[PDB]
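Inspection log for the structure reproduced underneath, given as structure tokens.
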Amino acid sequence: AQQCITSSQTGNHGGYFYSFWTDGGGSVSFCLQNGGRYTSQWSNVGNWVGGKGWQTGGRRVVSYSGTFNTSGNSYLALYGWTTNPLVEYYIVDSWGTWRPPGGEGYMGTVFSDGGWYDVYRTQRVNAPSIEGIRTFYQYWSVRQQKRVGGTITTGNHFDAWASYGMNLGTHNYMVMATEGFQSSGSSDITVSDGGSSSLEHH
């Protein structure tokens with residue numbers, strides 16, 4: 001059955017790595033389900049992010065399915081980190097009332113997995129990270145129109161980022177995450193590797 005957590009931690013569940021974090025404001029429940037699945041609920045949350053994926057990110061055909069709901073500022077994104085350089089990155093497929101990162105630091109565009117994304121770079125100064133209190137860039141691909149479920153071919157994003165001088169370091173984790181900020185909502189997301197699909201043919 002499910003395992004529902006409310007405090008920040010990482011682990012492996014159903015065969016998949018997961019990461020979950022919250023600041024402890026408001027309410028959030030992160031429920032680990034069979035295989036690549038998790039569900040979540042949040043109510044008037046301060047901030048949280050979490051999902052299932054890979055302990056070591058990289059070039060991958062990520063595949064995910066499920067549902068994502070919010071009345072406020074929440075988003076659904078492949079979410080991960082590198083070190084040397086320290087980078088926090090996002091490939092955002094859907095959001096609520098606020099399209100991240102509010103247009104800040106626009107760099108260009110990329111086409112991947114059937115859709116156009118806008119590319120941004122933002123900066124975090126003296127901020128908590130996977131390597132402690134640091135100054136680091138955040139890289140974003142944000143879909144021009146919302147999508148919930150599909151493939152995210154990470155290499156296409158990384159390569160576009162690189163074309164704009166947004167270079168990555170050594171991969172740390174990479175998860176298909178739900179995020180909330182001063183908002184309420186729910187999600188139900190199942191992650192998989194997309195490489196076992198039939199060959200595309202039209």
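Going by the structure tokens order, chains are called A, B, ..., each with residues numbered from 1, while ligands are numbered from 1 in the order shown.
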
**OP:** Fewer than 2 positions away in the same chain doesn't count, so skip those; otherwise give me all residues within 8 Å of residue 151 (chain A), counting only C-alpha atoms, as JSON, numbers by chain.
**Re:** {"A": [61, 62, 63, 64, 113, 149, 153, 194]}

Original post:
Which residues in chain A does DSSP call strand (DSSP E or B)? List them as a PyMOL selection string.
Top reply: chain A and resi 3-5+9-13+16-22+27-32+37-43+47-54+61-70+74-83+87-95+106-112+115-129+132-143+150-153+170-181+185-193

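Distances here use only C-alpha atoms; by that measure, the residue among A:46, A:132, A:11, A:150 closest to residue 115 (chain A) is A:150.
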
For residue 22 (chain A), please output as a PDB file with C-alpha atoms, in the first residue's frame all residues within 7 Å (counting only C-alpha atoms; exclusion window: fewer than 3 positions along the same chain).
ATOM      1  CA  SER A   7       8.809  15.613   6.124  1.00  0.00           C
ATOM      2  CA  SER A   8      11.660  16.238   3.676  1.00  0.00           C
ATOM      3  CA  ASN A  47       6.575  25.766  -0.498  1.00  0.00           C
ATOM      4  CA  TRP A  48       7.251  22.162  -1.509  1.00  0.00           C
ATOM      5  CA  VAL A  49       8.711  20.189  -4.389  1.00  0.00           C
TER       6      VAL A  49
END

Original post:
So what do you get for CA of residue 193 (chain A) versus CA of residue 160 (chain A), distance-wise?
Top reply: 21.5 Å

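Between residue 75 (chain A) and the residues A:95, A:20, A:136, A:38, the shortest atom-to-atom distance, using only C-alpha atoms, involves A:95.
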
**OP:** From chain A, collect each residue whose DSSP state is alpha helix (DSSP H) and return the set as a PyMOL selection string.
**Re:** chain A and resi 154-163
